[PDB]
Amino acid sequence: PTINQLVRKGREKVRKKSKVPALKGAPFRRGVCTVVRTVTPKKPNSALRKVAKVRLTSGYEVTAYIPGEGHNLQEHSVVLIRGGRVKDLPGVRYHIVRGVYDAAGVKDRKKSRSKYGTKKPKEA
Amino acid sequence: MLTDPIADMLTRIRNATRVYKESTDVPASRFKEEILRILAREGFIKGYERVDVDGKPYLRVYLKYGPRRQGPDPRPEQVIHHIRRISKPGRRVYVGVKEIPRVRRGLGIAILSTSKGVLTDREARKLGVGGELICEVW
RNA sequence: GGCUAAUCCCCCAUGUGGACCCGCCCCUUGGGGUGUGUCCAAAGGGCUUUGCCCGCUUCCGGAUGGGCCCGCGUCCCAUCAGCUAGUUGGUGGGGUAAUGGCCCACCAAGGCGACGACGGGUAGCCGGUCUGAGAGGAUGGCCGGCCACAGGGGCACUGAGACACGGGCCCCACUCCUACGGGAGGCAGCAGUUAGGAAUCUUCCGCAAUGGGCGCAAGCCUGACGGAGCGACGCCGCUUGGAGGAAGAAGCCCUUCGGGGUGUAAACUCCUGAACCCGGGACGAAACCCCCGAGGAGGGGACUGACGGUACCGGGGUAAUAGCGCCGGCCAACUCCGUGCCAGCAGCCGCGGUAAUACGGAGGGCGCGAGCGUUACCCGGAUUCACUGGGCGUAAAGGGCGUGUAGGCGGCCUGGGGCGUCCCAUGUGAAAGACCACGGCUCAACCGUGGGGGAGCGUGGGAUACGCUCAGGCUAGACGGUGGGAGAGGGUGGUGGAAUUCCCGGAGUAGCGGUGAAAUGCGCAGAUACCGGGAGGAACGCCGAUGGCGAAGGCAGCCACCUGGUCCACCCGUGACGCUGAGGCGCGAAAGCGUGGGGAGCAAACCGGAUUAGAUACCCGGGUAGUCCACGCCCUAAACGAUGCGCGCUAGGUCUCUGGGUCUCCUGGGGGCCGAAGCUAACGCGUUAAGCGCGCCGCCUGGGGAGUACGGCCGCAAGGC
RNA sequence: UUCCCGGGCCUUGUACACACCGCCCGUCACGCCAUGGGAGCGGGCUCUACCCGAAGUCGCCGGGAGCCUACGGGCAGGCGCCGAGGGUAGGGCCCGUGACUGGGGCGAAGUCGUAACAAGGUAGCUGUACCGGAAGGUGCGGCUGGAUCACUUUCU
Ligand SMILES: [K+]
Ligand SMILES: [K+]
Ligand SMILES: [K+]
Ligand SMILES: [K+]
Ligand SMILES: [K+]
Ligand SMILES: [K+]
Ligand SMILES: [K+]
Ligand SMILES: [K+]
Ligand SMILES: [K+]
Ligand SMILES: [K+]
Ligand SMILES: [K+]
Ligand SMILES: [K+]
Ligand SMILES: [K+]
Ligand SMILES: [K+]
Ligand SMILES: [K+]
Ligand SMILES: [Mg+2]
Ligand SMILES: [Mg+2]
Ligand SMILES: [Mg+2]
Ligand SMILES: [Mg+2]
Ligand SMILES: [Mg+2]
Ligand SMILES: [Mg+2]
Ligand SMILES: [Mg+2]
Ligand SMILES: [Mg+2]
Ligand SMILES: [Mg+2]
Ligand SMILES: [Mg+2]
Ligand SMILES: [Mg+2]
Ligand SMILES: [Mg+2]
Ligand SMILES: [Mg+2]
Ligand SMILES: [Mg+2]
Ligand SMILES: [Mg+2]
Ligand SMILES: [Mg+2]
Ligand SMILES: [Mg+2]
Ligand SMILES: [Mg+2]
Ligand SMILES: [Mg+2]
Ligand SMILES: [Mg+2]
Ligand SMILES: [Mg+2]
Ligand SMILES: [Mg+2]
Ligand SMILES: [Mg+2]
Ligand SMILES: [Mg+2]
Ligand SMILES: [Mg+2]
Ligand SMILES: [Mg+2]
Ligand SMILES: [Mg+2]
Ligand SMILES: [Mg+2]
Ligand SMILES: [Mg+2]
Ligand SMILES: [Mg+2]
Ligand SMILES: [Mg+2]
Ligand SMILES: [Mg+2]
Ligand SMILES: [Mg+2]
Ligand SMILES: [Mg+2]
Ligand SMILES: [Mg+2]
Ligand SMILES: [Mg+2]
Ligand SMILES: [Mg+2]
Ligand SMILES: [Mg+2]
Ligand SMILES: [Mg+2]
Ligand SMILES: [Mg+2]
Ligand SMILES: [Mg+2]
Ligand SMILES: [Mg+2]
Ligand SMILES: [Mg+2]
Ligand SMILES: [Mg+2]
Ligand SMILES: [Mg+2]
Ligand SMILES: [Mg+2]
Ligand SMILES: [Mg+2]
Ligand SMILES: [Mg+2]
Ligand SMILES: [Mg+2]
Ligand SMILES: [Mg+2]
Ligand SMILES: [Mg+2]
Ligand SMILES: [Mg+2]
Ligand SMILES: [Mg+2]
Ligand SMILES: [Mg+2]
Ligand SMILES: [Mg+2]
Ligand SMILES: [Mg+2]
Ligand SMILES: [Mg+2]
Ligand SMILES: [Mg+2]
Ligand SMILES: [Mg+2]
Ligand SMILES: [Mg+2]
Ligand SMILES: [Mg+2]
Ligand SMILES: [Mg+2]
Ligand SMILES: [Mg+2]
Ligand SMILES: [Mg+2]
Ligand SMILES: [Mg+2]
Ligand SMILES: [Mg+2]
Ligand SMILES: [Mg+2]
Ligand SMILES: [Mg+2]
Ligand SMILES: [Mg+2]
Ligand SMILES: [Mg+2]
Ligand SMILES: [Mg+2]
Ligand SMILES: [Mg+2]
Ligand SMILES: [Mg+2]
Ligand SMILES: [Mg+2]
Ligand SMILES: [Mg+2]
Ligand SMILES: [Mg+2]
Ligand SMILES: [Mg+2]
Ligand SMILES: [Mg+2]
Ligand SMILES: [Mg+2]
Ligand SMILES: [Mg+2]
Ligand SMILES: [Mg+2]
Ligand SMILES: [Mg+2]
Ligand SMILES: [Mg+2]
Ligand SMILES: [Mg+2]
Ligand SMILES: [Mg+2]
Ligand SMILES: [Mg+2]
Ligand SMILES: [Mg+2]
Ligand SMILES: [Mg+2]
Ligand SMILES: [Mg+2]
Ligand SMILES: [Mg+2]
Ligand SMILES: [Mg+2]
Ligand SMILES: [Mg+2]
Ligand SMILES: [Mg+2]
Ligand SMILES: [Mg+2]
Ligand SMILES: [Mg+2]
């Protein structure tokens, strides 16, 4: 474009939309579960994966994945959630942190405990 | 009409150099003549002269080239590789003494215009004067 | 209701002076000087008391701090376009330290606005911080500067100073007391509590230091501050040992069963000695004060330490926390077993359905370390909003075309000015921070000192090449004169031939029509075919094309009239009068709409016949709107050369339209083709550029959703932007 | 050597590359989300007109209805302008809910068909008009992004 055009209209600054509506620049969000379900994946894969309907203190209600080999989640269970999405499972914009509140960490995982929220096992 | 007589000249030079022409004709002016004086002093051209075509004044600029080369495409290396106008109509480029650029690590020159007249980059640097930056040539 | 003191209030005098009206002088907005008239001062107290100290009154000036005015800069939405009513300005008043429409009367109708007003959304701004090569982008916590607020709203007093966080008044909500009439309360001060929340501290020590208020002083107050505590929240510093140690213990893991791996790693040997135990114990602290001197200068003496028995010094002195992510590719580090599209991993490409280096475990390995990953957010890579630093022939993107307002841009020469631009000097650019050098805590972090800088603007001076402006001039751009030329350029009116269809007439017979093949249909009221005559509409065969005209749409028999655009020649005239062009305006194929007319052929819909599994279609027979004309609307498109306009430069060859010429050929303009250089991702473009450059307009930033939803504008409607 | 099957060479078109037993369109039906219109009913803001209007400055009265007085006046008190706020009516905007209802996306793949890519079987695209279970069909006109020298006939 001509210089004068840039003098008049000028360049446009691109915006960015949040993929995590926990609002408040939220690192995490606390919420109470609604249901506990099993969702069928899209075309690329086949499996039974554990998700949950969660109402949030922010006022939002969204689905959240449940990592780990096994878990315990009831209807009214209290759960802290974090950002990040799940690609093979459309509609899930959030992850559930384990080891927090009513969500217990996975049992007997000795490789990576940190992300799955397990304490260091007893010594030899 | 001609929007930028300077740019017209320089572009004609670029063209003529691309086709390895002998000389080229440019409309006569004091500015242009001075710029060509700077061009001749640093040896980017064989030289110039005042000529008359039809009933109108012109300037014959004799180009400059290198020796014949080897392999395919016998065309000799351009003495002037790249030349481009900087200041333009609608955007004027003005630089102070400390704003004066340095072309190709000194391997090339910059043509400016000050109140002391048309100068090179090193000339304007030594005289310590800023002005309009007309174009870059290397 | 009553007594009473004073630096409380008042009255009179004193007029160094100042204040006000009027006059004069100078200066120039209300600055200063001066004259008469008028008006104005006041506080005492303590002494080491008859001399000093503190304080008071008036005026001038300085210093400090601040008010008001102005130039410039200051986010997002144009689906917010008109906004303003004391609003804009003036006269006269009120108010204030002072201008102001701050406030009030009267008069006028002005003021703001695509250079983004008003409206909506959002946000304390800055010194700086983070990132980045740079430009820039984002951010405004801590420290510092300014602003605003003090439960929500509003108002004044006091006073130098407030529209006043721990002052006052009222209204509103809430809490508390109430004898129910009424009052009390305002932690966005320190700490602490509650609630919210992913989440942020001790209801601590101290007036020693610094600073602040009062006081002659002693001194008092000070959650300002100086300190400590809690929190790996961040940065920095340090320890968990150092050395000697077998081809190499065990255990474990691979294994070609030979061996290899963990690995000098450990045991062990020796040495050092974080932690802890004692001893000594700091800088920060010398002033205010007292003495001499003079209550000055100078000299001398004395008191005072929250941190804190802490920093540190000296002596003794134990081998004494390691964890976390990852190991398919990006990306550095591999094997065994388990699992079998299950369980699950994931940032992207993806892994897993029997032997997975991707899941789970194990061995081993890599990265980092008192930390390591995850999520969220910012810059980056990203030249992906491109000033540096991009694009629009086919990937996203040329506006349908023209006219032309604002705006942007400016041919050659001479001169003035010196707004832009450039230079010197000066003022500002606070401190901290950032950069450099030295130094203080054993170093670093941190701190100190000093040095170095800096864009931007103000002021004074200087330069005049370019830009600008004024003065004058030139003629290559452009316009015009004269003389020629072509063309389906456009409007009005008239007119001609061929053919289709219908009517009339003659002649004439058994079918014509139509398909892949048939049938519907027409025909004994006599068709098809032939001839003659008439009617009427619509389109113009050969010429005619690879052609021409127009700005685009588009334009085709011929005559006349009205009229636009354009090419060439003669160098004749004017003298830069130019290019572009947001908005506006006009034009704008076909379809469609309104009114009226006209209607041969054609033909959506539709009435039918075939074909087919079905045929709401392709084939066939009919047939309305429409097609046409008049006027008024509708603004769309593959409105395409998928290439905005104007100018300059850059090999040619070939075909053609048209104009001129010394007419084999040269030249000017237009339309095609092959192609130098060059450009292009390729195809391809290539003097008709998409090449080399310039000026200006429009437009693009992944696909789908969707040219949809909603809003606004235009239209009768359909719809369009 | 026209046609049926297999095959070869050259060329042309392609939206095919597990390669025409290919790809691919849409109505309807099933699964899952978000969204528009929207009567009606709540809530909020703003604007105009009228009306009520506390505190407080300012303004007037301040008198044989009050108090102090050096008689000059002052205070109290009263009235009034403005005014926070409140009410009425009207207008507009935002926000919540909302019966009914429009279309959309993704997915699991069912249904009627063959639309589009080879002349995709009537070349396609297109703006517009009308009609049709649907893709679509046809009329007017336009474009080359159209092949080629000149009955019909689905799907995987
Ligand atoms: K006097
Ligand atoms: K004092
Ligand atoms: K002294
Ligand atoms: K040890
Ligand atoms: K496998
Ligand atoms: K593995
Ligand atoms: K693994
Ligand atoms: K990013
Ligand atoms: K277009
Ligand atoms: K033509
Ligand atoms: K090439
Ligand atoms: K329309
Ligand atoms: K052969
Ligand atoms: K193609
Ligand atoms: K009285
Ligand atoms: Mg799978
Ligand atoms: Mg993420
Ligand atoms: Mg009394
Ligand atoms: Mg006197
Ligand atoms: Mg006097
Ligand atoms: Mg007196
Ligand atoms: Mg006002
Ligand atoms: Mg006045
Ligand atoms: Mg005044
Ligand atoms: Mg805010
Ligand atoms: Mg703020
Ligand atoms: Mg960058
Ligand atoms: Mg940097
Ligand atoms: Mg804070
Ligand atoms: Mg509060
Ligand atoms: Mg005071
Ligand atoms: Mg204040
Ligand atoms: Mg106060
Ligand atoms: Mg308080
Ligand atoms: Mg909580
Ligand atoms: Mg103190
Ligand atoms: Mg002090
Ligand atoms: Mg071993
Ligand atoms: Mg060792
Ligand atoms: Mg020792
Ligand atoms: Mg020892
Ligand atoms: Mg003495
Ligand atoms: Mg002394
Ligand atoms: Mg590797
Ligand atoms: Mg399993
Ligand atoms: Mg993992
Ligand atoms: Mg396996
Ligand atoms: Mg991985
Ligand atoms: Mg960038
Ligand atoms: Mg650019
Ligand atoms: Mg690009
Ligand atoms: Mg395109
Ligand atoms: Mg165009
Ligand atoms: Mg124009
Ligand atoms: Mg103009
Ligand atoms: Mg010029
Ligand atoms: Mg100009
Ligand atoms: Mg100047
Ligand atoms: Mg300076
Ligand atoms: Mg500084
Ligand atoms: Mg040092
Ligand atoms: Mg410094
Ligand atoms: Mg100056
Ligand atoms: Mg001069
Ligand atoms: Mg002139
Ligand atoms: Mg003529
Ligand atoms: Mg004509
Ligand atoms: Mg008829
Ligand atoms: Mg007869
Ligand atoms: Mg019959
Ligand atoms: Mg008969
Ligand atoms: Mg007949
Ligand atoms: Mg033309
Ligand atoms: Mg055309
Ligand atoms: Mg002449
Ligand atoms: Mg003349
Ligand atoms: Mg039209
Ligand atoms: Mg029409
Ligand atoms: Mg009509
Ligand atoms: Mg009609
Ligand atoms: Mg039938
Ligand atoms: Mg038909
Ligand atoms: Mg017919
Ligand atoms: Mg020619
Ligand atoms: Mg030509
Ligand atoms: Mg040619
Ligand atoms: Mg070519
Ligand atoms: Mg080439
Ligand atoms: Mg190629
Ligand atoms: Mg667009
Ligand atoms: Mg998108
Ligand atoms: Mg999008
Ligand atoms: Mg539309
Ligand atoms: Mg064959
Ligand atoms: Mg052969
Ligand atoms: Mg081939
Ligand atoms: Mg087939
Ligand atoms: Mg009233
Ligand atoms: Mg009142
Ligand atoms: Mg009163
Ligand atoms: Mg709703
Ligand atoms: Mg079709
Ligand atoms: Mg079709
Ligand atoms: Mg087909
Ligand atoms: Mg057909
Ligand atoms: Mg077809
Ligand atoms: Mg087609
Ligand atoms: Mg159509
Ligand atoms: Mg039909
Ligand atoms: Mg057609």
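Bear in mind these aren't lab numbers, they're just calculated from the coordinates by the rules spelled out. Note: ideal-geometry Cβ built from the backbone for every residue, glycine included; neighbour counts use all protein chains shown.
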>> Checking a compactness column here: for chain B, what do you get for Rg(Cα) / (2.2 N^0.38 Å), N being the number of residues?
In response: 1.10
> Using alpha-carbon positions, what is the distance between the centroids of segment A:88-120 and segment A:1-27, in Å?
Replying inline: 36 Å
> Using the alpha-carbon atoms, what tilt in degrees (0 to 90, nearest 10) does helix B:5-18 show relative to the longest principal axis of chain B?
Replying inline: 40 degrees
>> So if a site counts as exposed when it's one of the GluC sites (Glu not before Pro), its DSSP state isn't H, G, I, E or B, and it has at most 16 other Cβ atoms within 10 Å, what's the longest stretch of chain B without one?
In response: B:100-138
> What share of Cα pairs, in percent, lie more than 19 angstrom apart in chain A?
Replying inline: 57 percent
> If you count the DSSP beta bridges with both ends in the protein assembly as shown, what percent of them are antiparallel, to the nearest 5?
Replying inline: 95 percent
>> Let me understand the protein assembly as shown better: what is its radius of gyration from the alpha carbons, and its Dmax, in angstrom?
In response: 36.6, 107
>> Here is the link list: B:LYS32/B:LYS88; A:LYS53/A:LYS111; A:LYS53/A:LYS120; A:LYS24/A:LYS115. Which ones come out longer than 26 Å on Cα distance?
In response: A:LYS53/A:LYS111; A:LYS53/A:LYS120
> Which loop GluC sites (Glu not before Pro) in segment A:26-124, with loop taken from DSSP, have no more than 11 other Cβ atoms within 10 angstrom of their Cβ?
Replying inline: A:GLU69, A:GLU75, A:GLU123
> Principal axis lengths of segment B:3-80 from Cα atoms, whole Å, largest first?
Replying inline: 44, 26, 23
>> With just the Cα atoms defining each centre, how far is segment B:36-58 from segment B:75-129? Give it in Å.
In response: 19 Å
> Under the Kirkwood approximation for Rh and a Cα-based Rg, what ratio Rg/Rh is obtained for segment B:81-138?
Replying inline: 0.94
> Out of segment A:1-105, which trypsin sites (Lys or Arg not before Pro) are coil in DSSP terms and have no more than 16 other C-beta atoms within 10 Å?
Replying inline: A:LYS9, A:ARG11, A:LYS13, A:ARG15, A:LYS16, A:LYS17, A:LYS19, A:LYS24, A:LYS42, A:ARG85, A:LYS87
> Got a sec? How would A:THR63, A:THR57 order by Cβ neighbour count within 10 Å, fewest to most?
Replying inline: A:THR57, A:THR63
